[PDB]
Amino acid sequence: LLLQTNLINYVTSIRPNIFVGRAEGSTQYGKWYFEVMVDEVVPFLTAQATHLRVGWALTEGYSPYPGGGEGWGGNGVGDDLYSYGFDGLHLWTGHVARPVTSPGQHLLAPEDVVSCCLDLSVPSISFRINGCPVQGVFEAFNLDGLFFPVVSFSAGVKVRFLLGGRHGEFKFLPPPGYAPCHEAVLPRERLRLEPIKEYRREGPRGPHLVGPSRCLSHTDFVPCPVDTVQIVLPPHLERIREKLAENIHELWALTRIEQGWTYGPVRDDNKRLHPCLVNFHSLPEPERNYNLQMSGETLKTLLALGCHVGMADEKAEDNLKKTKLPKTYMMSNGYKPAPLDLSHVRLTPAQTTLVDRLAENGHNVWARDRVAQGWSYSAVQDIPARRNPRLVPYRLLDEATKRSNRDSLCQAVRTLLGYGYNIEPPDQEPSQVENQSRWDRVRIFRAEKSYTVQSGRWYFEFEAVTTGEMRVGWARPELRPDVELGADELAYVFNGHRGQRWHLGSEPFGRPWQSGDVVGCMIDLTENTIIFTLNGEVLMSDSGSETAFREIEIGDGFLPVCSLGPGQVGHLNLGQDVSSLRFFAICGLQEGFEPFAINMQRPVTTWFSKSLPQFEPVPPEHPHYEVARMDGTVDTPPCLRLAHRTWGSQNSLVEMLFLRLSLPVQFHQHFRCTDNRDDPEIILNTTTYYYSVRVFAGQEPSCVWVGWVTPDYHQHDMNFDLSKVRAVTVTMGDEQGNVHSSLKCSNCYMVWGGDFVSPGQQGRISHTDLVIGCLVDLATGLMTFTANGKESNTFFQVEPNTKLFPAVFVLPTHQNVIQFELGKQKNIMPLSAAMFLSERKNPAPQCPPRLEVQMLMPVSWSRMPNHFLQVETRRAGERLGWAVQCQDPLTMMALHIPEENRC
Amino acid sequence: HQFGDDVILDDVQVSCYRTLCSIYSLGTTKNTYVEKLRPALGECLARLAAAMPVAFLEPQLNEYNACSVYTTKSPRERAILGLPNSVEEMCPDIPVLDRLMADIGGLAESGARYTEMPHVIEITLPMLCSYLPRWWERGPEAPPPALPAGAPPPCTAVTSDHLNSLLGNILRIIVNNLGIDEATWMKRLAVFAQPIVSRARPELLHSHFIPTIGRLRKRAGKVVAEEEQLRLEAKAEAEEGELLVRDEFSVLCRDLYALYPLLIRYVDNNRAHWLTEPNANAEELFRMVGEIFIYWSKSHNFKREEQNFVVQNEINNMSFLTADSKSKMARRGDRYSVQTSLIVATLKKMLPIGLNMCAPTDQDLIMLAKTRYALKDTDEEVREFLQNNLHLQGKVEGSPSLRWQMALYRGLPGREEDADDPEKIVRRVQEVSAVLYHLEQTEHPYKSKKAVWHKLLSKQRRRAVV
């Protein structure tokens, strides 16, 4: 009942920029390997044992923030269902430690080498410590993201990453078929060690606020060329399709002359011998037809891409100059290849866009063909292993190769222009990819509400390290975390990306900023005005207005605020050190404004919008959702009914809704070994508890999921289905296989409402409400479901001491949506008996006021720690690898909520 | 929209070159239709020079000018179409930029009046005010992102020195004509010299701006001395002489609106330097522009003449303040507003220089001396009252606010403890005390509660009076 307190250590994660994944048709390899060597561990730097775990983590979901979190904080690898760790004695996943057997078991100690193997084919994760196998594997987990090596640690550790190649020589041979992780570094990036989803970093003049990080997806490695099924080319284009192959054969042979190639019966890059390097006609026709398939695709692409191409000119094709190779830059045979002379041809800027898309599609077609042949990307080329450094989609390719492919396609475009063919650039159709979710796009930083100012003249600066979408200004204390700054009446900000001021909408103001530009935000609560200055010069509207906002009511007050978009970095200076301000003296000092934190011993505490979904009570004034508490009648139990307030009306909000009850049911610590009246002896000794959900007629059962969630469910997916549920299997065995334990872990044990509807012709909106019942046996860990009184096939098994919250995930399709029915069955106790100790022997159903419906909020306010762990990352050498070091301890006093199992 | 490089390319180029060439060929002409059309013709080529893509005053570097006919077109062509085969011969009667600047250079320092330079003022100067800014950004001293494209040499020879020489020269031409009766062209060079003031050098402040504004200050002081001379001796003849000061206040308001737009854009480009590092002359010029304002705040004629000038001559009074925002690629009182009036716009843009002189310890004296001025005391009554109340200045220990204000003030490079002499403090509070006193009379006119909407008898008796 009472809130619990304790001192815990801060834990930080460090990863290489190595991301691997599995997808249908992806260009990535499937098996990867890396090692971590422990150099120095202090077992007890503080009163709490030193944290150190090694494993793999998933990009979409593993976001451990400093401070509080699941359990008792200090979340690292294995503290969620997106990470899988190993600390020397246990396998960590879902914040549960499962002991694992290895020869000479011990917590990770200096001079220990941990080898982590990832096999995406199964999928499976396996470990070896000091060369001996660890008798335990993670398997059958989700694959909807990219995996990266990760180490989680508290202060007092010193480890080194061993990634193979020049980034750390392996102490042990990787198992056959597994690739070193250094081969997975992308062409456009160098290898490095970085934090994971940081909102803050050190800078020259002070801390830098960081927005969300742009992250790749496992589908970004799947080449997606334009469709070319419509094989219908104009007959005049068909004849030149073979001719286009002959010319392009000459240019890329001509470039081989610049590289030093000569003729040869053998075609080798190193030997610089080439049978094709004589002439377009002299080159063998079967060798010519090698590229006819691709050459035909080039002409087919403009038709596919929407470009209009036709026989504009025929006499131009008949008469054209021919550029010939110089006799000095000579190949062995003595003939001069004659590609078309095309100096007279010019391309419009719109045309220069088409070649870029043409080179894009040409690379993708080649990439997807190689994947079907078994090729995979690798930083180090391995021809026998079918590994290619260019086996990556076009946007991920480096500029050096990207420009080269562009030039070759440009000549092909020039060749069509040389013959005089009309090339019509299609009207470009813009599209928005939305790589990240709606909420992990803007991160809002504001001062603590205790710093709210209701009088005086105040000033602070905001340096734009980047030039993208960031807003800075003043906000009211009740600012919502999930609303863009200035979209409502709770903030007065200035958007320097395109020069706008935001308050209840946007209107032009000022000019866009540049890198290093400092915005001076001034508020005058005596005159009720807000002034923005850029580099000491007062910004003005499309008029003589020297003030951005006027006639602002003081009310509860104002707070400095800033929002950062993806990839955006900004510096916030509240003026604690008056000499640190760069434009305060130029504009603001003489006008009577003061720095916001002029006389304060400690730096101003800041709160940021944490995009980790949490369950919160449904607000009593929520515009769209209403929850009403039904009392128990003679024929009905107490209920919690949900209704859509604005269904059918304009502006109605229809989106996936994640609901749960505010109190859990805890399974017993130890499990047992191996008319319509309740029998008093049976009902007083049973451990089975029941609750049902009534899906009202009109609400589609296909949009309803009923079941339980563990206290670590933070998945606010708008396209939710049972395939999105986190899952993982932890399997233990003896010295030689012989699986003796295989536990299945998850956070969402639900059944789909669409499994309980007969495939009728129509009438899916039935006359009868669907009443899905849920049964839990706290003494055996077995959970069963009923459709309409008929037992369902699905069932679940859970470990002891598991907390389950009754939850329903629904997409509303009616004014009446669902109804939690807190009733009972024959010889089965209701939920109130399990939730409350005082009602353990009370078979009468109850709905006490503490029990209430909660909804999943995507964004919440979180307090930024005053101090952060100092982590030093460096490349120790070619053989030593990359070193991670953290020595100075940091401790925070955690407040633990027991029933929610979070701190 | 920078269409000069892509619109006037091959045969439009000769077309406007003929247009440019004939309009300026009006130099050797003195006719009445010429006289009235000079404002129309001056604005015509001024917008032409901003658009022409060829350095038509610098024929020696056209071989480096790709956006000209002589590079885009072959010598084989350009002969079927009538051309003199040389870019230097296209318009032989326009003196080169080095010559043209030198022509005006001796003209301004010679003290000539507008009558002998109507072409130079109405037409020659406006093109130079537009020619020179165009070739700054494409010539030397430009910030070139030319790592790949640094091969082509610059095709023009315009530097900051050329821009600054002309600006002071235009400043010199106005002060030579500072006192004549009629000059409707001052507002036209006021709007033409704005683009070139953006690259004035800090040496310009002392040499030109201080002497010119100082003469205006002593001009206004002499006239307001005549005005208060009239009002102290009331007579029916005071009207015959009220028009005299009205005429004198009209010529001053004409001269103020001839120079202040140049100061305003000058000050905006030099406040940052003046405050980070204190400047002696900048503090002097505040005392100069400040005394002019207190005249306008005190004299009633100065108020009306400033307003009469704006409405009759259609002074925007808004572009003079929004120029920086639009140059940097960014209803109520659009016709005229005191908030956007130039005289108070000059001081509000120049207040930080004056307030920077006073230490925060004098904050008590500022409120102290303002009270005497609100009690209608002269500049000598405050000085003696400030002298006897030197112990009322603030104490750093008694105010947490002053602890950091002092430290920031002492950290300024030009600050010396010897500057706190008893005569120096009383001067610097007295001068500002006059300024902030009259300024708050304007931002808060406090004329309300005197004549509020009263509807004495109109709403029911408007029919009778009509």
# chains A, B, ... in the order shown; residues from 1 in each chain; ligands from 1
>>> closest_atom_pairs(of="chain A", to="chain B", cutoff="6 Å", atoms="only C-alpha atoms", output="CSV")
residue,atom,partner,partner_atom,distance
A:510,CA,B:330,CA,5.4
A:511,CA,B:330,CA,3.8
A:586,CA,B:272,CA,5.5
A:590,CA,B:352,CA,5.7
>>> write_last_selection(atoms="N, CA, C and O atoms", output="PDB file, in the first residue's frame")
ATOM      1  N   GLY A 510       9.322  36.924 -38.309  1.00  0.00           N
ATOM      2  CA  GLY A 510      10.763  36.794 -38.298  1.00  0.00           C
ATOM      3  C   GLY A 510      11.307  36.056 -39.511  1.00  0.00           C
ATOM      4  O   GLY A 510      10.648  35.901 -40.541  1.00  0.00           O
ATOM      5  N   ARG A 511      12.543  35.591 -39.366  1.00  0.00           N
ATOM      6  CA  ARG A 511      13.279  34.931 -40.430  1.00  0.00           C
ATOM      7  C   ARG A 511      13.790  33.581 -39.954  1.00  0.00           C
ATOM      8  O   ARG A 511      13.955  33.365 -38.750  1.00  0.00           O
ATOM      9  N   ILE A 586      23.754  43.099 -25.616  1.00  0.00           N
ATOM     10  CA  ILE A 586      23.395  43.814 -26.835  1.00  0.00           C
ATOM     11  C   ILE A 586      21.925  44.208 -26.815  1.00  0.00           C
ATOM     12  O   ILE A 586      21.567  45.335 -27.176  1.00  0.00           O
ATOM     13  N   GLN A 590      19.836  46.640 -21.120  1.00  0.00           N
ATOM     14  CA  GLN A 590      19.443  48.027 -20.910  1.00  0.00           C
ATOM     15  C   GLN A 590      17.936  48.206 -20.816  1.00  0.00           C
ATOM     16  O   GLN A 590      17.480  49.202 -20.245  1.00  0.00           O
TER      17      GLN A 590
END
>>> select_by_dssp(residues="range 309-471 of chain A", states="helix (DSSP H, G or I)", output="JSON, numbers by chain")
{"A": [315, 316, 317, 318, 349, 350, 351, 352, 353, 354, 355, 356, 357, 358, 359, 360, 361, 362, 363, 364, 365, 366, 367, 368, 369, 370, 371, 372, 394, 395, 396, 399, 400, 401, 402, 403, 404, 405, 406, 407, 408, 409, 410, 411, 412, 413, 414, 415, 416, 417, 418, 449, 450, 451]}
>>> residues_around(residues="range 218-220 of chain B", least_positions_apart="5", cutoff="9 Å", atoms="only C-alpha atoms", output="list in words")
residues 213, 225, 248, 249, 252, 292 and 295 of chain B
>>> write_last_selection(atoms="C-alpha atoms", output="short mmCIF file (atom, residue, chain, number, x, y, z; two decimals), in the first residue's frame")
data_model
loop_
_atom_site.label_atom_id
_atom_site.label_comp_id
_atom_site.auth_asym_id
_atom_site.auth_seq_id
_atom_site.Cartn_x
_atom_site.Cartn_y
_atom_site.Cartn_z
CA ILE B 213 23.69 65.64 -37.03
CA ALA B 225 14.95 79.33 -29.04
CA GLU B 248 11.75 76.77 -40.14
CA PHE B 249 10.30 73.69 -38.46
CA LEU B 252 14.17 70.98 -40.28
CA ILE B 292 16.72 67.11 -30.78
CA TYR B 295 12.92 69.78 -28.41
#
>>> residues_around(residues="residue 64 in chain A", least_positions_apart="3", cutoff="10 Å", atoms="only C-alpha atoms", output="list in words")
residues 11, 12, 13, 61, 67, 68, 69, 70, 73, 74, 75, 76, 77, 79, 80, 152, 196, 197, 198 and 612 of chain A
>>> write_last_selection(atoms="N, CA, C and O atoms", output="PDB file, in the first residue's frame")
ATOM      1  N   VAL A  11      22.043   3.403 -14.493  1.00  0.00           N
ATOM      2  CA  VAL A  11      22.529   2.419 -15.451  1.00  0.00           C
ATOM      3  C   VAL A  11      22.438   3.025 -16.843  1.00  0.00           C
ATOM      4  O   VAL A  11      21.437   3.667 -17.180  1.00  0.00           O
ATOM      5  N   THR A  12      23.482   2.831 -17.642  1.00  0.00           N
ATOM      6  CA  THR A  12      23.546   3.357 -18.996  1.00  0.00           C
ATOM      7  C   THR A  12      23.894   2.233 -19.962  1.00  0.00           C
ATOM      8  O   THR A  12      24.567   1.266 -19.596  1.00  0.00           O
ATOM      9  N   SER A  13      23.421   2.363 -21.197  1.00  0.00           N
ATOM     10  CA  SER A  13      23.694   1.407 -22.258  1.00  0.00           C
ATOM     11  C   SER A  13      24.556   2.059 -23.329  1.00  0.00           C
ATOM     12  O   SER A  13      24.424   3.255 -23.602  1.00  0.00           O
ATOM     13  N   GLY A  61      11.884  -0.094 -29.601  1.00  0.00           N
ATOM     14  CA  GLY A  61      11.363  -0.466 -28.302  1.00  0.00           C
ATOM     15  C   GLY A  61      12.335  -0.369 -27.146  1.00  0.00           C
ATOM     16  O   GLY A  61      11.922  -0.089 -26.018  1.00  0.00           O
ATOM     17  N   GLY A  67      17.340   6.878 -14.698  1.00  0.00           N
ATOM     18  CA  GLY A  67      16.521   7.071 -13.514  1.00  0.00           C
ATOM     19  C   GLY A  67      15.485   5.968 -13.356  1.00  0.00           C
ATOM     20  O   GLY A  67      15.823   4.787 -13.341  1.00  0.00           O
ATOM     21  N   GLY A  68      14.220   6.363 -13.242  1.00  0.00           N
ATOM     22  CA  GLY A  68      13.150   5.428 -12.980  1.00  0.00           C
ATOM     23  C   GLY A  68      12.804   4.577 -14.182  1.00  0.00           C
ATOM     24  O   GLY A  68      13.299   4.764 -15.292  1.00  0.00           O
ATOM     25  N   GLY A  69      11.928   3.615 -13.942  1.00  0.00           N
ATOM     26  CA  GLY A  69      11.503   2.702 -14.987  1.00  0.00           C
ATOM     27  C   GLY A  69      10.830   1.483 -14.383  1.00  0.00           C
ATOM     28  O   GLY A  69      10.233   1.557 -13.310  1.00  0.00           O
ATOM     29  N   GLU A  70      10.940   0.370 -15.099  1.00  0.00           N
ATOM     30  CA  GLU A  70      10.321  -0.869 -14.654  1.00  0.00           C
ATOM     31  C   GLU A  70      10.996  -1.384 -13.392  1.00  0.00           C
ATOM     32  O   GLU A  70      12.204  -1.219 -13.201  1.00  0.00           O
ATOM     33  N   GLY A  73      13.982   0.465 -11.145  1.00  0.00           N
ATOM     34  CA  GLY A  73      14.881   1.290 -11.917  1.00  0.00           C
ATOM     35  C   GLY A  73      16.158   0.560 -12.289  1.00  0.00           C
ATOM     36  O   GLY A  73      16.290  -0.655 -12.154  1.00  0.00           O
ATOM     37  N   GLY A  74      17.120   1.347 -12.759  1.00  0.00           N
ATOM     38  CA  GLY A  74      18.371   0.778 -13.228  1.00  0.00           C
ATOM     39  C   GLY A  74      18.179  -0.171 -14.387  1.00  0.00           C
ATOM     40  O   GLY A  74      18.819  -1.228 -14.436  1.00  0.00           O
ATOM     41  N   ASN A  75      17.306   0.182 -15.323  1.00  0.00           N
ATOM     42  CA  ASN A  75      16.966  -0.723 -16.409  1.00  0.00           C
ATOM     43  C   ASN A  75      18.103  -0.793 -17.419  1.00  0.00           C
ATOM     44  O   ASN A  75      18.647   0.235 -17.831  1.00  0.00           O
ATOM     45  N   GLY A  76      18.459  -2.008 -17.814  1.00  0.00           N
ATOM     46  CA  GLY A  76      19.495  -2.252 -18.789  1.00  0.00           C
ATOM     47  C   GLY A  76      19.047  -3.287 -19.802  1.00  0.00           C
ATOM     48  O   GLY A  76      17.890  -3.325 -20.217  1.00  0.00           O
ATOM     49  N   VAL A  77      19.993  -4.137 -20.198  1.00  0.00           N
ATOM     50  CA  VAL A  77      19.683  -5.200 -21.143  1.00  0.00           C
ATOM     51  C   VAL A  77      18.902  -6.291 -20.428  1.00  0.00           C
ATOM     52  O   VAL A  77      19.292  -6.753 -19.349  1.00  0.00           O
ATOM     53  N   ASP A  79      15.837  -5.890 -19.262  1.00  0.00           N
ATOM     54  CA  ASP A  79      14.839  -5.301 -18.385  1.00  0.00           C
ATOM     55  C   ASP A  79      13.536  -5.001 -19.108  1.00  0.00           C
ATOM     56  O   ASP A  79      12.618  -4.443 -18.501  1.00  0.00           O
ATOM     57  N   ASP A  80      13.441  -5.353 -20.386  1.00  0.00           N
ATOM     58  CA  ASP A  80      12.205  -5.271 -21.146  1.00  0.00           C
ATOM     59  C   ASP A  80      12.172  -6.460 -22.097  1.00  0.00           C
ATOM     60  O   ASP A  80      13.065  -7.313 -22.085  1.00  0.00           O
ATOM     61  N   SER A 152      24.955  -2.956 -20.953  1.00  0.00           N
ATOM     62  CA  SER A 152      24.403  -2.103 -19.915  1.00  0.00           C
ATOM     63  C   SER A 152      25.286  -2.204 -18.684  1.00  0.00           C
ATOM     64  O   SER A 152      25.779  -3.285 -18.354  1.00  0.00           O
ATOM     65  N   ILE A 196      22.067   5.319 -26.481  1.00  0.00           N
ATOM     66  CA  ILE A 196      20.844   4.855 -27.122  1.00  0.00           C
ATOM     67  C   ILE A 196      19.728   5.827 -26.773  1.00  0.00           C
ATOM     68  O   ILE A 196      19.324   5.925 -25.607  1.00  0.00           O
ATOM     69  N   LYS A 197      19.225   6.536 -27.783  1.00  0.00           N
ATOM     70  CA  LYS A 197      18.102   7.463 -27.638  1.00  0.00           C
ATOM     71  C   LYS A 197      18.345   8.467 -26.514  1.00  0.00           C
ATOM     72  O   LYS A 197      17.595   8.545 -25.540  1.00  0.00           O
ATOM     73  N   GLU A 198      19.413   9.243 -26.657  1.00  0.00           N
ATOM     74  CA  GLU A 198      19.727  10.261 -25.667  1.00  0.00           C
ATOM     75  C   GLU A 198      18.958  11.543 -25.952  1.00  0.00           C
ATOM     76  O   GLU A 198      18.809  11.956 -27.105  1.00  0.00           O
ATOM     77  N   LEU A 612       7.209   7.319 -23.616  1.00  0.00           N
ATOM     78  CA  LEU A 612       7.021   5.940 -23.188  1.00  0.00           C
ATOM     79  C   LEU A 612       5.577   5.772 -22.748  1.00  0.00           C
ATOM     80  O   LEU A 612       5.188   6.328 -21.710  1.00  0.00           O
TER      81      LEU A 612
END
>>> residues_around(residues="range 776-784 of chain A", least_positions_apart="3", cutoff="9 Å", atoms="only C-alpha atoms", output="tab-separated table (two decimals) with N, CA and C atoms, in the first residue's frame")
chain	number	residue	atom	x	y	z
A	665	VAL	N	-3.93	-8.82	-10.57
A	665	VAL	CA	-4.08	-10.06	-9.83
A	665	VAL	C	-2.73	-10.76	-9.83
A	666	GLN	N	-2.27	-11.15	-8.65
A	666	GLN	CA	-0.94	-11.72	-8.48
A	666	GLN	C	-1.05	-13.22	-8.30
A	667	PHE	N	-0.34	-13.97	-9.13
A	667	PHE	CA	-0.31	-15.41	-9.01
A	667	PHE	C	0.48	-15.82	-7.77
A	668	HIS	N	0.11	-16.97	-7.21
A	668	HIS	CA	0.69	-17.41	-5.95
A	668	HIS	C	2.19	-17.65	-6.10
A	669	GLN	N	2.90	-17.50	-4.99
A	669	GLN	CA	4.35	-17.64	-5.01
A	669	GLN	C	4.78	-19.06	-5.36
A	670	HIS	N	4.05	-20.06	-4.87
A	670	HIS	CA	4.33	-21.46	-5.17
A	670	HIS	C	3.10	-22.09	-5.79
A	671	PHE	N	3.30	-22.86	-6.85
A	671	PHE	CA	2.21	-23.53	-7.53
A	671	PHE	C	1.98	-24.92	-6.95
A	672	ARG	N	0.74	-25.39	-7.05
A	672	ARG	CA	0.41	-26.73	-6.59
A	672	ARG	C	1.14	-27.78	-7.42
A	673	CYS	N	1.53	-28.86	-6.76
A	673	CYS	CA	2.23	-29.94	-7.44
A	673	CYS	C	1.31	-30.63	-8.43
A	674	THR	N	1.86	-30.99	-9.59
A	674	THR	CA	1.12	-31.64	-10.66
A	674	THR	C	-0.12	-30.85	-11.06
A	686	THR	N	-11.35	-22.65	-3.73
A	686	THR	CA	-10.91	-22.48	-5.10
A	686	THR	C	-9.89	-21.36	-5.21
A	687	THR	N	-9.05	-21.45	-6.25
A	687	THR	CA	-8.11	-20.40	-6.59
A	687	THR	C	-8.34	-19.86	-7.99
A	688	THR	N	-9.48	-20.17	-8.60
A	688	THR	CA	-9.81	-19.71	-9.94
A	688	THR	C	-10.67	-18.45	-9.83
A	689	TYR	N	-10.32	-17.44	-10.62
A	689	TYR	CA	-11.01	-16.16	-10.59
A	689	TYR	C	-11.46	-15.80	-12.00
A	690	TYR	N	-12.57	-15.07	-12.08
A	690	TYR	CA	-13.28	-14.87	-13.34
A	690	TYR	C	-13.63	-13.40	-13.53
A	749	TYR	N	-1.45	-11.20	-22.84
A	749	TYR	CA	-2.10	-12.50	-22.98
A	749	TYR	C	-3.57	-12.23	-23.30
A	773	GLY	N	-15.31	-14.41	-21.59
A	773	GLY	CA	-14.95	-14.60	-20.21
A	773	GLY	C	-13.50	-15.04	-20.07
A	791	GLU	N	-15.87	-23.16	-23.97
A	791	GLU	CA	-14.44	-23.02	-23.74
A	791	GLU	C	-13.70	-22.85	-25.06
A	792	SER	N	-12.79	-21.88	-25.10
A	792	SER	CA	-11.97	-21.63	-26.27
A	792	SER	C	-10.74	-22.52	-26.26
A	793	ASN	N	-10.11	-22.64	-27.43
A	793	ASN	CA	-8.92	-23.47	-27.55
A	793	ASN	C	-7.69	-22.80	-26.96
A	794	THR	N	-7.61	-21.48	-27.02
A	794	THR	CA	-6.43	-20.76	-26.57
A	794	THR	C	-6.28	-20.84	-25.05
A	795	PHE	N	-5.03	-20.95	-24.60
A	795	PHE	CA	-4.72	-20.95	-23.18
A	795	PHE	C	-3.29	-20.48	-23.01
A	796	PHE	N	-2.98	-20.03	-21.79
A	796	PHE	CA	-1.66	-19.50	-21.49
A	796	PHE	C	-1.17	-20.06	-20.16
A	797	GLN	N	0.15	-20.11	-20.02
A	797	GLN	CA	0.80	-20.55	-18.79
A	797	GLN	C	1.78	-19.48	-18.35
A	798	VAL	N	1.71	-19.09	-17.08
A	798	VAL	CA	2.56	-18.03	-16.55
A	798	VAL	C	3.28	-18.52	-15.30
A	799	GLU	N	4.40	-17.87	-15.02
A	799	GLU	CA	5.23	-18.20	-13.87
A	799	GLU	C	4.64	-17.62	-12.59
A	800	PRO	N	5.04	-18.14	-11.44
A	800	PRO	CA	4.54	-17.60	-10.17
A	800	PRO	C	4.98	-16.16	-9.95
A	802	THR	N	3.39	-13.56	-10.92
A	802	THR	CA	3.10	-12.73	-12.08
A	802	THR	C	1.91	-11.83	-11.80
A	834	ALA	N	-9.60	-11.66	-5.52
A	834	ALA	CA	-8.17	-11.75	-5.78
A	834	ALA	C	-7.45	-10.42	-5.64
>>> residues_around(residues="residue 380 in chain B", least_positions_apart="2", cutoff="12 Å", atoms="only C-alpha atoms", output="PyMOL selection string")
chain B and resi 369+372-373+376-378+382-387+426-427+430-431+434
>>> residues_around(residues="residue 307 in chain B", least_positions_apart="5", cutoff="12 Å", atoms="only C-alpha atoms", output="list in words")
residues 249, 250, 253, 254, 257, 296, 300, 301, 302, 312, 313, 314, 315, 317, 335, 336, 337, 338, 340, 341, 342 and 343 of chain B
>>> write_last_selection(atoms="C-alpha atoms", output="CSV table (one decimal), in the first residue's frame")
chain,number,residue,atom,x,y,z
B,249,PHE,CA,10.3,73.7,-38.5
B,250,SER,CA,9.2,72.4,-41.9
B,253,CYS,CA,11.6,68.2,-40.5
B,254,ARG,CA,12.6,67.9,-44.1
B,257,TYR,CA,13.8,62.9,-42.7
B,296,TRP,CA,10.3,67.9,-30.4
B,300,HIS,CA,4.4,71.7,-30.1
B,301,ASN,CA,5.3,73.0,-33.6
B,302,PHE,CA,7.9,70.3,-34.1
B,312,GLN,CA,2.0,65.1,-47.5
B,313,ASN,CA,5.0,63.3,-48.8
B,314,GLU,CA,3.6,59.8,-48.2
B,315,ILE,CA,6.6,58.6,-46.1
B,317,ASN,CA,7.8,55.1,-42.0
B,335,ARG,CA,-0.6,56.0,-42.8
B,336,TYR,CA,1.2,57.4,-39.7
B,337,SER,CA,1.8,56.5,-36.1
B,338,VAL,CA,3.9,58.0,-33.4
B,340,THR,CA,6.7,54.3,-35.9
B,341,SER,CA,7.6,58.0,-36.1
B,342,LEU,CA,11.3,58.3,-37.1
B,343,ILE,CA,12.4,60.8,-34.4
